[PDB]
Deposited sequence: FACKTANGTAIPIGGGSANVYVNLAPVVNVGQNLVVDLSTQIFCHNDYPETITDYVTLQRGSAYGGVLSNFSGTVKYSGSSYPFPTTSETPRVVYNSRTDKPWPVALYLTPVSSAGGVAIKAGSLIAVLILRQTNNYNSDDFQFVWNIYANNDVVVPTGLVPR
């Protein structure tokens, strides 16, 4: 089991850390959601699906910077939503193919004015936890999520 990003970096077998850079809607109003879709950013696969089933959770999602100070909301993981920043580990998603499969995570963030997220800033850290039905591997793939652009909340 290993993963790759839309910015051309990787995390190999056994886990590790990578940076992800997301383009964000430049304007989000109060009462609206800013969507941060990681399924277009993070892709993973199973290295031996003939015999091994991989299980993948969002272990913890943490907020930083302007997201931490100016937003609340949810994380949607494989079709169900939970508070973000997270308060539990999600259910598992199965990875059962060598073919790249998106990691089905998206943040829905709503403003609690002006530049609310600064370009280049860290907005979130998402920990992907991978186990399997084969051995006792239990690995963390740590994704540091950065904004590529400013996000403005109008008055």
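Undergrad: Quickly check which stretches of the deposited sequence aren't in the model, judged by C-alpha, and list them in order.
TA: In sequence order, the gaps with no modelled C-alpha are 113-115, 159-163.
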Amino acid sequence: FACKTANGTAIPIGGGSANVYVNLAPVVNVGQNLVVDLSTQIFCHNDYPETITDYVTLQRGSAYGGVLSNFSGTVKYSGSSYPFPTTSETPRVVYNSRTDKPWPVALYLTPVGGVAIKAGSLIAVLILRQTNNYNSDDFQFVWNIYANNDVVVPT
From here on, numbers count along this sequence of modelled residues.
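The term rigid core refers to the most C-alpha atoms you can superpose between the two forms while keeping them within 1.5 Å.
Undergrad: Would you mind working out which of 24-32 and 121-129 sits farther from this form in 8 other deposited structures of this protein by RMS C-alpha distance, with the rigid core as the fit?
TA: Once the cores are fitted, 24-32 deviates more in 8 other deposited structures of this protein.
Undergrad: Which is higher on average in the deposited entry, the C-alpha temperature factors of 100-108 or of 113-121?
TA: Higher mean C-alpha B-factor in the PDB entry: 113-121.
Undergrad: Highest recorded C-alpha temperature factor, please, choosing from 30, 42, 128, 34.
TA: Of the options given, 30 has the highest CA B-factor in the PDB entry.
Undergrad: Based on the deposited C-alpha B factors for this chain, I'd like to know if residue 67 is in the lowest, middle or highest third.
TA: According to the entry, residue 67 has a C-alpha B-factor in the chain's middle third.
Undergrad: What third of its chain's C-alpha B-factors does residue 50 belong to: lowest, middle or highest?
TA: It belongs to the highest third of the chain when residues are ordered by C-alpha B-factor.
Undergrad: For residue 144, return the chain-relative third of its C-alpha B-factor as stated in the PDB record: lowest, middle or highest.
TA: It belongs to the lowest third of the chain when residues are ordered by C-alpha B-factor.
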